[PDB]
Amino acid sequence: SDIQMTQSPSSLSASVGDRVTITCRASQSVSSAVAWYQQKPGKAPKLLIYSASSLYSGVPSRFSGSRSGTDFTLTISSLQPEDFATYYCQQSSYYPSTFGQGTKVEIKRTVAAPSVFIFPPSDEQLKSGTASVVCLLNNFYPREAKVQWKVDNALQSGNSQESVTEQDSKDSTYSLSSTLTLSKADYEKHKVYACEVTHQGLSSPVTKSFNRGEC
């Protein structure tokens, strides 16, 4: 008995002073009870717009909402520094409610290539039977980045995880760690460990390598 909203885009890069538009399409319901919320990391959402176009008391009037058929739009007429956040649309009917998938509004800046570093496992970790290799992409923009692990020139699949910092509050860059996890037995069976980084700020991909047991 659920209803559905399709929100786009998932992410957008903007500058202070830009006009910003975010859209949600209703699938099943035609209820005009559509609201928009702002959420910042670690905080509860805050109401901005309700009933598709009414501005909530206390909300700056640069926020506005509109409807055209099944399409609902949140507009920020002139983006302010405190407006970089995630935004959610929401639809209710008598019994069900639903939320769109969210849009993160991040800070646009100049393209910045990452600084890449690779870390072999410590001798301490190896005593417990597991090995973690870590690749660090430091202070790059934009967020999109590809990291590929190769062990003895063989491409790895399924034994790595990554995570990314929030955009830096002073230079607006991202940083990323990719951790490759092997058993101690597997790790000692191979020699060359490398991560290959693909990023818009690199003409060709960058590789950082080490040989197991080297200086």
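The first residue of the sequence shown is number 1, and the count goes up from there.
Mean CA B-factor, 23 to 31 versus 60 to 68: the higher value falls on 23 to 31.
Between 174 to 182 and 34 to 42, the higher mean Cα B-factor belongs to 174 to 182. Highest C-alpha temperature factor among 167, 163, 53, 157, as the PDB entry reports it: 157. Residue 135 sits in the middle third of its chain by CA B factor, as recorded in the PDB entry. Sort the chain's modelled residues by C-alpha temperature factor and residue 116 lands in the highest third, per the entry. Residue 129: CA B factor in the highest third of modelled residues in this chain (values from the PDB entry). Per the deposited record, the Cα B-factor of residue 78 falls in the middle third when ranked against the other modelled residues of its chain. Placement of the Cα temperature factor of residue 209 within the chain: highest third of the modelled residues, per the deposited record.
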